[PDB]
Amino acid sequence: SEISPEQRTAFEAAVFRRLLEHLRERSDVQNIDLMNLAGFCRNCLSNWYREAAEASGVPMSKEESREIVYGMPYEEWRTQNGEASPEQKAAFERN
């Protein structure tokens, strides 16, 4: 019921980590499609996180913030691109 500002922040951070989980398992969900649809993507998330750290006095590169959001160097992730969609796996890769 009655929650502290430290609880609100803990719940925001944790829900953010749930989102990150989720975008990592929906590796098929393209950033451009996210961009086109929703005006953000995993890159906007990395940038906003960078902005937050820089405002807190923590210097951080584009690629450091991306490793945080992606869970691996962004290069390791986007070269793990080339792969069938969930609906194409289901259609052709099973029976």
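Numbering starts at 1 and follows the sequence shown.
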According to the PDB record, deposited residues with no modelled atoms between residue 81 and residue 82 number 1 to 3
Per the PDB entry, mean CA B-factor is higher for 45-53 or 25-33, namely for 25-33
Going by the entry, of stretches 2-10 and 85-93 the one with greater average Cα B-factor is 2-10
Temperature factor at the Cα of residue 58, chain-ranked in thirds, falls in the lowest
